[PDB]
4 protein chains.
Amino acid sequence: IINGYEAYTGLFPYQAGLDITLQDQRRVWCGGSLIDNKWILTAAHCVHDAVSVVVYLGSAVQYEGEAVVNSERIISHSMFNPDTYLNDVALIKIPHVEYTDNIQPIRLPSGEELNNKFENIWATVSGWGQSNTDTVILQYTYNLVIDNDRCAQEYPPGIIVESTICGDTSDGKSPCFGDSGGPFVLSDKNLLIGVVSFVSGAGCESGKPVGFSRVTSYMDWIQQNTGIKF
Amino acid sequence: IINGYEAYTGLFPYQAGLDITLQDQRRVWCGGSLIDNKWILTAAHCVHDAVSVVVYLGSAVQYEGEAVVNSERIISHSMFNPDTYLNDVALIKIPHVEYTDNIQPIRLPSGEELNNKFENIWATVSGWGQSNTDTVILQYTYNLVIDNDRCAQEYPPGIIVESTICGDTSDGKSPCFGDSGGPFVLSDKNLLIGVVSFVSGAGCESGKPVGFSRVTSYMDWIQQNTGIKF
Amino acid sequence: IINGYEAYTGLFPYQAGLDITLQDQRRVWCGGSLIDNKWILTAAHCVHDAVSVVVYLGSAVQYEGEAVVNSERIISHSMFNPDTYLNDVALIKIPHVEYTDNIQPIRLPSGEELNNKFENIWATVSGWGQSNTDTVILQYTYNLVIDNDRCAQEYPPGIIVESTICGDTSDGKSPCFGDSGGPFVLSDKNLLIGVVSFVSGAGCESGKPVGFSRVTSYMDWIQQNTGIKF
Amino acid sequence: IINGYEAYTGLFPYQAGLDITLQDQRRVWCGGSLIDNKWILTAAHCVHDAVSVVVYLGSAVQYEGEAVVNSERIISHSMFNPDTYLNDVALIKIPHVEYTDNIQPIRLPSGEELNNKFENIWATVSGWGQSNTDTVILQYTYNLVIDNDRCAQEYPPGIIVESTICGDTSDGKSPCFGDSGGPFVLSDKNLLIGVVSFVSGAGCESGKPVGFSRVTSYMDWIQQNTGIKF
């Protein structure tokens, strides 16, 4: 997160830290959201070629956690398109983790929330991605959700689709590399509305909107693959 | 590095820490070696699909450095084979950095050294890869160089080639994920003999040898691409 | 607030901005908390000698508000002691303001919360007081609540009493001049636990605890003077 | 300033903005005049109980300056009477500031000017006091200097004395709360004749005269305390 603020342990109890080992032996970092005792929701671009994932929960300090578990299964969206970031969502199954004061799930949309586009709403994004600073502490910032029409003109045709939700970064506060898969949340409602998916080709300090996977568009996929009815 | 020793600033002044941003926006970590004021030698598997790299020099703390520089250009071996790790070498051109107590280049082999296979010599490998400990301090260990024949027996046929140099990890001391691109050095000679290339399919704690790109095999390529004679 | 972060309009809907004119004609700024449609809770040191107060509500921008009203009456605690800051609480009666999306009351303690000391809890403090920066935007930070025994040793004898609640500023984030009267809140419970009362004689960047009026100790006074049963 | 004109940087290069921290920890704003590279002349009612002051010079924007300096010492008139505003003058010693296009000293009266009462001359008053507009830009207006006799008739007996100089505000243009300590200057002569001292009990919009400390009456005190001869 560029120009973010430091979180303390317990502030974002649903935040997951993912230490990912790829098929090519590289080590990648991504964020994720705890949506159930046994499930983490993240971005497909983070784990589509992952071999294993160490999941950190319950701490603002990177590579630390009140619970540190290994992924049991990775379910990357089958129609994920690497070129357009279309369908950039994935589920990581983990051993049952008991909720505590620092480990709590984030709520997923249901009912009417499924038809809400959340335009012009301030949401909170958090992660351990690149920042102007040198810190291992979880950072966060607020981004205003903009309408898809305005967002679509900031990217090449075809990138911004119905299943995309964008956050404005015109104030210089923005998710950056390493924040991928992280939660975009309506704090008031403890509701997950997006998953950090992509930053503009212009970079994190371009003032361009950041793209997120619109959670309401993937609720069927989530329920079907987790078997959980949210 | 699993079961390694803890380094400190100034101990390995040729060690580069690479914070890599990939074309797919993922953030990757790799090590490298300072071979000239403007050049870093690392593994092709680390940066073949990278768009930019932040280079940390002169500090044993991960993501810290006496000199923090951005890559100006990345030259990855055009004949690199992702499947076999053949020709796993790359160069990162950086803006001229002045050598200090904590920032020094490592010697590259020349003349007769170019014909040495370095069999049965203890070499030092260093990096910030997985260590089974949550530390941000650079680790290192000594691995014995074994002959390619003995090493080939431990890998699928065709993986270990003349341009591969292996380090034995039977002591249980071994480079691991995240150490990729790191230096394999003959300490007493201050000579670079290998670049961390691949771990065994069995993992880091299997006592299997680790493969490195044999530097003597790429000295022509390095000189061709850097325009520097050694 | 020193080393705080910027709030957006609607983030802290209970925050009040007070533009105070004193008996000596000086113009002072203090924060306050909206506790009812007709009442603002602030510090006695801010208004004990005030002639009039302009109350700003509903905006993160200083001197701006969705509702801007004038005080009708000021009720400063009769036993306020200027020398020790004992009983540093005051009520400002204002014309009925209707709650909106950006103007909401903060909840006051009741029942069991009245016996809770809130030790080792992270609370949020906000205001437009002195900051390292040049900004008219409301800032906030988090301070850990410490026990009174630890706090008492950081000040001359007699300053820290039962009715005082302290926040730790050892991380360099702290309320500063102009933040006086502002809210110290348990965000999770939307609960007001303290009113910014005093900074150490050593200043805002001393790392010394900041004293707040412990709201639970003044609930009777509040209910009796507002006539409202919380 | 009520009903004044908007200034801009460089227009009143002698204007000082004072962010004052009081002994009671309250934050107060007052204006002042740069009379020397190391001295600011202001009102005693502003700083008699102050512990420190941040001095803003060279900018028309409140809390901004080409030079932002901290007070080194504050000398308030020892015979200042809070009840009558008698001897309402103070000096703030600051670290030597170099004059620029936007930072220049104002002339102080000497010789014959010391005997001039300046009756019936238009003087310019400036400040960031209350303006019935939410602006952060310095305002100014012209007020006619009236004779003390005419002025005394508008105030309770004994308030207007020989060391008081009054400005008529019958046009509805008047200094107001927050303008305290500001300069009252004969523009064409670049001469300081008064320091904003007090507004009428009737308020700023009553057309009553505003009292200023008559600078010619304090020239001896200023020289005594600054060790500078004018």
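Labels below follow one simple rule: chain letters A, B, ... track the order of the sequence lines, proteins then strands, and each chain is numbered from 1.
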query: What residue pairs, at least two apart or across chains, pass disulfide bond (SG atoms under 2.5 Å apart) with a residue in residues 68-102 of chain A?
result: none
B:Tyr85 portion near chain A, given a 4.5 angstrom heavy-atom threshold: side chain
message: Under a plain distance cut-off of 3.5 Å, with no hydrogens placed, do B:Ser126 and B:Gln15 share a side-chain donor-acceptor pair?
response: yes
message: If I measure from the heavy atoms of chain A, does B:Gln130 come under 4.5 Å with its side chain, its backbone, both, or neither?
response: both
message: Which atoms of B:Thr135 are under 4.5 Å from chain A, going by heavy atoms: the side chain, the backbone, both sets, or neither?
response: neither
- prompt: Using 4.0 Å as the upper bound for N to carboxylate O, is an ion pair formed by A:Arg26 and A:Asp24?
  reply: yes
- prompt: Using a distance-only test with no angle check, is there a side-chain donor-acceptor pair under 3.5 angstrom linking A:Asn81 and A:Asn87?
  reply: no
- prompt: Heavy-atom distance under 4.5 Å to chain A: side chain of B:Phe177, backbone, both or neither?
  reply: both
query: By a 4.5 Å heavy-atom criterion (distance strictly below it), what part of B:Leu22 contacts chain A: side chain, backbone, both, or neither?
result: side chain
query: Do you know the tightest heavy-atom contact between A:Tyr99 and A:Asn37?
result: OH-N, 3.0 Å
query: Taking 4.0 angstrom as the limit, do B:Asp147 and B:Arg150 come out as a salt bridge?
result: no
query: Do any of residues 39-51 of chain B come closer than 4.5 Å to chain A, heavy atom to heavy atom, and if so which ones, in number order?
result: B:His45, B:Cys46, B:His48, B:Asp49
query: What are the two closest non-hydrogen atoms of B:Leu138 and B:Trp128, and how far apart are they?
result: N-NE1, 3.3 Å
query: Looking only at heavy atoms, what is the nearest atom pair of A:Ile222 and A:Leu91, with distance?
result: O-CD1, 4.3 Å
